[PDB]
Amino acid sequence: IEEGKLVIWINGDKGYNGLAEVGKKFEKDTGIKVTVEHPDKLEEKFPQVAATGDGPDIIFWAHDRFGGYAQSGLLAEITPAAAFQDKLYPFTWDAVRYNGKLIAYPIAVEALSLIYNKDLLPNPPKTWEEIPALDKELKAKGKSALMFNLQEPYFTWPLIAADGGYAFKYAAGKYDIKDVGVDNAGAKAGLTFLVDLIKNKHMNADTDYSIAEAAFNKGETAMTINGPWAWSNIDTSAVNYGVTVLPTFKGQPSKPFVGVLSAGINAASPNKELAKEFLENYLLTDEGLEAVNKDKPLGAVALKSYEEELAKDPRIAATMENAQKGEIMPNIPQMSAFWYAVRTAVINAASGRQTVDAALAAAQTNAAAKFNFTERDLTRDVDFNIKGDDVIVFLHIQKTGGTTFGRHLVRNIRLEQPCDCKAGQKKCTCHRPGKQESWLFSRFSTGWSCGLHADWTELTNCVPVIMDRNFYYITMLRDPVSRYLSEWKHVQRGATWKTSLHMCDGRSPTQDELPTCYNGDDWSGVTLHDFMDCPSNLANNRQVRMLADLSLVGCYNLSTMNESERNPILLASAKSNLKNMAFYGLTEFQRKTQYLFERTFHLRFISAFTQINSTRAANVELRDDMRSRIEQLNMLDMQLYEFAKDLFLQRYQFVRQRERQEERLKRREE
Ligand SMILES: O=C(O)[C@H]1O[C@@H](Oc2ccc([N+](=O)[O-])cc2)[C@H](O)[C@@H](O)[C@@H]1O[C@H]1O[C@H](CO)[C@@H](O[C@@H]2O[C@@H](C(=O)O)[C@@H](O[C@H]3O[C@H](CO)[C@@H](O[C@@H]4O[C@H](C(=O)O)[C@@H](O[C@H]5O[C@H](CO)[C@@H](O)[C@H](O)[C@H]5NS(=O)(=O)O)[C@H](O)[C@H]4O)[C@H](O)[C@H]3NS(=O)(=O)O)[C@H](O)[C@H]2OS(=O)(=O)O)[C@H](O)[C@H]1NS(=O)(=O)O
Ligand SMILES: OC[C@H]1O[C@H](O[C@H]2[C@H](O)[C@@H](O)[C@@H](O[C@H]3[C@H](O)[C@@H](O)[C@@H](O[C@H]4[C@H](O)[C@@H](O)[C@@H](O)O[C@@H]4CO)O[C@@H]3CO)O[C@@H]2CO)[C@H](O)[C@@H](O)[C@@H]1O
Ligand SMILES: Nc1ncnc2c1ncn2[C@@H]1O[C@H](COP(=O)(O)O)[C@@H](OP(=O)(O)O)[C@H]1O
Ligand SMILES: [Cl-]
Ligand SMILES: [Cl-]
Ligand code: NA
Ligand code: NA
Ligand code: NA
């Protein structure tokens with residue numbers, strides 16, 4: 001981001017040419033250039049790039065996305081004088097308040113309305129229920145009743161919410177992120193109606209924004225559902241249209257989710273005062289807003305003075321009617337998870353590939369960020385025969401507390417013949433009784449015989465050869481921000497692990513495949529900024545990479561497939577390999593780790609594990625924005641760890657409960 005310039009991001013369905021005009025006036029008056037851009041998926045890109053030193057100075061989106069940005073420290077708190085604040089409506093400022101702080105400037109209120117072609121349909125239907133009959137009439141004329149975007153849940157939500165669907169329950173002054181309303185009876189009734197429209201061929205599951213707009217603007221369908229921004233192209237096509245209240249469902253209003261177009265200032269911007277000047281004194285004026293509105297209409301604007309000027313527009317009146325009947329969107333971080341969940345559910349139910357009940361049950365789980373596991377997932381019972389051919393293999397991922405855990409395995413297990421750990425000697429002899437055969441494959445027993453910090457791909461391909469059995473793989477995992485910081489500090493004091501083989505498909509990577517991040521013999525002294533800056537840093541997503549079958553993505557050759565392909569493959573492989581291991585622990589839960597290992601393998605340790613809170617990672621003072629950047633660099637790990645933590649904790653609860661019940665039964669007998 002350059003100082004003395006403004007870069008602005010706004011979505012491509014908005015009046016960006018109009019905004020650019022406002023930017024030109026600001027430039028005329030101040031010599032400061034303003035660059036407007038409308039990148040695809042700007043709302044996903046922003047938290048990926050703003051976490052670094054890049055991104056726009058100002059980002060425009062509906063307010064629902066901004067709580068997540070603010071929680072991640074990506075937005076500047078906005079500091080409008082009371083005088084300015086009074087120029088906008090208070091309920092629009094509420095839309096942009098997060099944890100008590102104002103995090104953006106509200107611009108305009110948007111709600112979906114029913115838009116109809118007066119040359120085909122002079123009185124629009126008042127109910128969803130009459131649409132099928134109406135369609136039958138229109139089909140005999142070679143037309144259809146209704147087409148709208150079925151791919152974005154924004155557009156189907158009004159019908160789903162009408163009879164009772166909700167996102168997150170509001171109770172006791174906040175949104176309850178565990179109380180999700182996407183699979184209740186009202187939600188199902190709404191979605192069922194939509195799926196029935198499609199089954200009866202009144203709509204097509206494939207219809208998206210472009211298809212619906214093209215049909216309406218060409219006079220092929222009598223109605224569409226859309227927002228104020230859409231009115232411009234309709235006018236361009238010279239359709240004689242009206243904008244009105246959405247149809248009712250089961251006698252109740254459609255309830256659209258109401259968005260407030262908002263402008264946030266990037267926390268990493270060197271131009272915060274200039275962005276403030278632009279927004280308050282150029283955009284949020286009658287003239288600034290008129291420029292944008294004339295390009296693509298904004299809806300009901302937040303600035304009282306200009307809202308009053310336009311209030312007479314019946315299209316805006318309909319917009320306010322629909323907005324009053326709907327709900328303002330939550331701005332909480334969990335909103336994006338809600339939307340992603342419903343998006344998928346609607347597509348799969350609409351297509352007929354999944355029933356409404358199943359699809360919405362899936363959305364329910366996803367929106368609430370829950371994980372469902374089978375009994376089999378929770379039960380890990382190994383009759384570990386140390387006298388037999390059983391072998392435990394410890395896959396040690398760097399900086400997960402593996403030195404501690406590996407020491408426990410060789411020093412701390414009660415066995416008839418425990419590992420022989422000679423004083424002043426790194427490794428131990430962990431042999432079966434009477435034999436010269438090892439029961440433990442690990443750094444402190446057999447050594448790094450399949451390579452330094454051999455990962456899942458290396459071990460599963462090397463261990464069976466180098467030992468000739470039942471192999472019981474185990475590992476430890478750590479929250480990725482802490483693990484990443486620990487690795488940074490260790491590399492900063494000399495660690496390279498440069499002798500690791502990184503074998504996959506029978507060879508090590510080439511230098512082209514895996515470039516080194518440092519010149520010279522190590523990366524000692526590296527700042528966290530420079531650590532984060534190297535694209536080929538093996539610290540990024542280390543736990544996923546080391547748990548996945550890397551052959552599935554062409555090993556270390558990043559040109560073999562795109563990131564959109566490779567990433568879901570890696571995460572799924574890591575999850576599966578982890579889940580299917582005999583056991584794993586978590587660094588943050590030392591006592592539970594001990595207990596589960598003991599109960600899995602029917603072994604006991606001599607001394608209790610202990611929790612060390614004062615780690616080198618914990619001692620790093622971390623700005624939220626930098627924490628966010630570390631999360632983004634480790635996004636696969638973040639997802640793996642969320643999965644792993646929940647499964648680990650469900651395993652703990654399951655095993656403990658079973659054991660408590662067993663004790664009780666024995667007592668009941670006596
Ligand atoms: O045997 C020979 O061939 C010998 O021959 C001699 O010549 C003759 C001998 C005899 C006769 N005769 O007539 O009788 C004639 C001629 C010749 O002079 C020798 O050069 C030659 O020796 C060669 O072979 C031997 C045997 O293989 C080699 O010795 C082995 O390997 C040594 C070694 O590699 O240094 C040494 O191993 C011990 O020490 C290593 C280094 O500390 C240990 O490996 C390290 O483990 C670290 C760890 O786990 O902590 C790891 O650290 C990294 O990860 C951790 C955890 O994440 C982090 O904390 C660290 O920060 C991180 N550091 S990093 O970022 O820098 O990576 C290290 O990476 C890893 O290297 C090793 O475990 C340890 N093994 S031991 O405990 O068993 O001792 C030993 O001497 C020996 O090991 S072993 O075979 O017994 O297992 C010798 O190196 C080799 N010399 S060479 O010049 O040919 O290369
Ligand atoms: O990978 C699947 C898709 O993911 C991405 O779309 C996501 C967004 O990133 C989420 O934020 C969310 O989108 C919401 C949106 O936040 C909400 O404001 C509303 O968007 C309206 C908007 O307010 C209005 O001004 C106008 O622009 O129409 C928008 C609707 O199209 O509703 C959105 C949900 O429909 O969820 C979507 C997932 O549906 C990514 O951008 C997609 O390209 C990708 O396919
Ligand atoms: N019992 C324990 N409780 C908490 N953290 C522990 C631990 N034993 C080790 N760790 C942490 O695990 C990291 C070392 O992992 P490894 O042995 O795999 O390299 C260190 O993190 P820090 O570098 O942040 O201090 C260490 O503090
Ligand atoms: Cl070794
Ligand atoms: Cl614990
Ligand atoms: Na040795
Ligand atoms: Na160096
Ligand atoms: Na800290």
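Nothing fancy with the numbering, it's 1 onward along the sequence. Only this structure's heavy atoms are used, side chains among them; waters, hydrogens and symmetry mates stay out. Start at 1 and go down the list; that is how both ligands and their atoms are numbered.
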Among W497, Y484, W523, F531, whose ring-ring contact (aromatic ring centres under 6.0 Å, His included) with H490 holds?
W497

Write out the residue and atom name of the closest protein heavy atom to [atom], then the distance separating them to 0.1 Å.
atom	answer
atom 19 (O) of ligand 3	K399 NZ, 2.7 Å
atom 24 (O) of ligand 3	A617 N, 2.8 Å
atom 22 (P) of ligand 3	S486 OG, 3.4 Å
atom 8 (N) of ligand 3	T404 OG1, 2.9 Å
atom 27 (O) of ligand 3	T615 CG2, 3.5 Å
atom 15 (O) of ligand 3	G401 N, 2.9 Å
atom 3 (N) of ligand 3	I612 N, 3.1 Å
atom 17 (O) of ligand 3	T403 OG1, 2.6 Å

So do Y472 and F583 actually touch side chain to side chain, heavy atoms under 4.5 Å?
no

Have a look at ligand 3 and work out which part of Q590, if any, has a heavy atom under 4.0 Å from it: side chain, backbone, both or neither.
side chain

When you look for heavy atoms under 4.0 Å from ligand 3, do you find them on the side chain of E588, its backbone, both, or neither?
neither

When you measure from atom 20 (C) of ligand 3 to each heavy atom in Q398, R616, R478, which option holds the nearest one?
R478

Quick one: which of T610, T587, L485, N613 has a heavy atom closest to atom 6 (C) of ligand 3?
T587

Once you round to the nearest 0.5 Å, how far does CZ of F654 lie from OG1 of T379?
4.0 Å

Would you confirm whether the ring centroid of [Y] sits within less than 6.0 angstrom of the ring centroid of [X]?
X	Y	answer
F589	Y652	no
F384	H602	no
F405	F394	yes
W448	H453	yes
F66	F46	no

Vertex the Na ion (ligand 8): angle to O of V620 and O of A618, to 10°?
90°

Confirm or rule out an N/O/S atom of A617, from backbone or side chain, lying less than 3.0 Å from the Na ion (ligand 8).
no

Can you sort out which atoms of ligand 3 are near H396, meaning under 4.0 Å from one of its heavy atoms?
16 (P), 18 (O)

Quick check on contacts: which atoms of ligand 3 are under 4.0 angstrom from a heavy atom of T400?
15 (O), 18 (O)

Side chain to side chain donor-acceptor pair (under 3.5 Å) assessment of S482 paired with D479:
CA-CA 6 Å; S482 300; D479 89 82; 2.6 Å; yes

May I ask you to check whether the SG atoms of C419 and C428 are separated by less than 2.5 Å?
no

Hey, does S482 come in under 3.5 Å of ligand 3, counting only N/O atoms on both sides?
no

Inspect the contact between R629 and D533 and indicate whether a charged nitrogen and a carboxylate oxygen are less than 4.0 angstrom apart.
yes

